[PDB]
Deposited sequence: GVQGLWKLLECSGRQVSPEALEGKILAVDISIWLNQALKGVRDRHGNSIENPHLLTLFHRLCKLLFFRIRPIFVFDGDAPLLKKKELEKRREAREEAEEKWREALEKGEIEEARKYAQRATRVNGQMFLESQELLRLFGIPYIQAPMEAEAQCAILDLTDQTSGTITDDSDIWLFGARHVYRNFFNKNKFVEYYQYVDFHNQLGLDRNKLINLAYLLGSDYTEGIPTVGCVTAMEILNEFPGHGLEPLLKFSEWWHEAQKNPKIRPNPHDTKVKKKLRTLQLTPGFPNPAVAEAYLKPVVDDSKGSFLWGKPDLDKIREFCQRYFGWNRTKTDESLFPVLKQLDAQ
């Protein structure tokens, strides 16, 4: 996500009823949901699949492959989360508990095996296709939208815009009544923002790939790009030089900017390249949608949520109904 980027874009969002999505092919990036904090993850995935098909959407789910990890913050927390599952794994083997030793073993690796496979299992059971992006899933989503293989992407992650996405639906899984639909043409025309300018905002505000500049929100960042015009990355290059000379040695804005702390390698052009030129598969090819398998799902919900036939059915029967109508 981006800090306050969704805030700059509010003016172009348009409320719509989930019923407005019937029949649309729409991508979902499931790797975001997996890479975050019985079987709570599965319960939430279950409900979200029920809601998508209840509204006759044709989802296409995208997992990461080898997704670049470029934020130092995440290269210390994802570096101190695998190196703490070893300390309790190696220990848990010297005690005796083998059931707990297979929990912290799937956390030691770069990507979990249990969630990946069980999530794919549930999708197959609902007849919902999925693909693996070669690298970052948000980029793959965007190229599907740009090649007209989807009508857009359901996600809360504003980085999707930096990858060139054009049609995005936000807040689809909250409890609120209307969901928010955003079009590039809109915020491009209402604010003049294009892909490069969004990228520069990400370098200032922070995004999935960069920490941002401490204390810099929508206000300071807009003032920075107002003060330093230019094309592509030129605005941040000029900003950086000013800030450097302004430490060597008069408005309110200049003063404020003067005090900010920029890292020595700022701006790092590799961030922009990773947003502008991601590895993605743009190849044509129809996806396929099955249908949900009722018995197999009653079983899955037994093994993992401990739901009896009837509890499972409370969530499934409405969905089966919507799939035959219309």
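- No C-alpha positions are given in the record for the deposited-sequence stretches 38-49, 262-269.
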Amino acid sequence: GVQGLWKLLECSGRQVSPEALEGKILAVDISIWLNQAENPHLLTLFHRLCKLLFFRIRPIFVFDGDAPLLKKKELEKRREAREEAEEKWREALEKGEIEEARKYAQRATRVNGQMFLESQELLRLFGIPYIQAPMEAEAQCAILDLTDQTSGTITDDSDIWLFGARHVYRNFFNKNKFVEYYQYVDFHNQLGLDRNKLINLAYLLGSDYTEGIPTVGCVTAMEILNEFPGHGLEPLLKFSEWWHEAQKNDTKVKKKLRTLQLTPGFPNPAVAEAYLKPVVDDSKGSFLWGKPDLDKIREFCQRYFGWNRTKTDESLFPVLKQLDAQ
From here on, numbers count along this sequence of modelled residues.
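- Stretches compared: 267-275, 253-261. Higher mean C-alpha B-factor in the entry: 253-261.
- Here 305-313 and 7-15 are compared by their mean Cα B-factor, and 305-313 comes out higher.
- Take 91, 156, 180, 208 and read off each C-alpha B-factor from the entry; 91 has the highest.
- Within the listed group 138, 86, 227, 145, the record reports its top CA B-factor for 86.
- Residue-level temperature factors show residue 129 in the lowest third of its chain, judged at the C-alpha atom.
- Annotation for residue 163: CA B-factor lies in the lowest third of the chain's modelled residues.
- Ranked within its chain, residue 285 lands in the highest third, by CA B factor from the PDB record.
- Per the deposited record, the Cα B-factor of residue 216 falls in the lowest third when ranked against the other modelled residues of its chain.
- Among the modelled residues of its chain, residue 68 has a C-alpha B-factor that falls in the lowest third, as given in the PDB entry.
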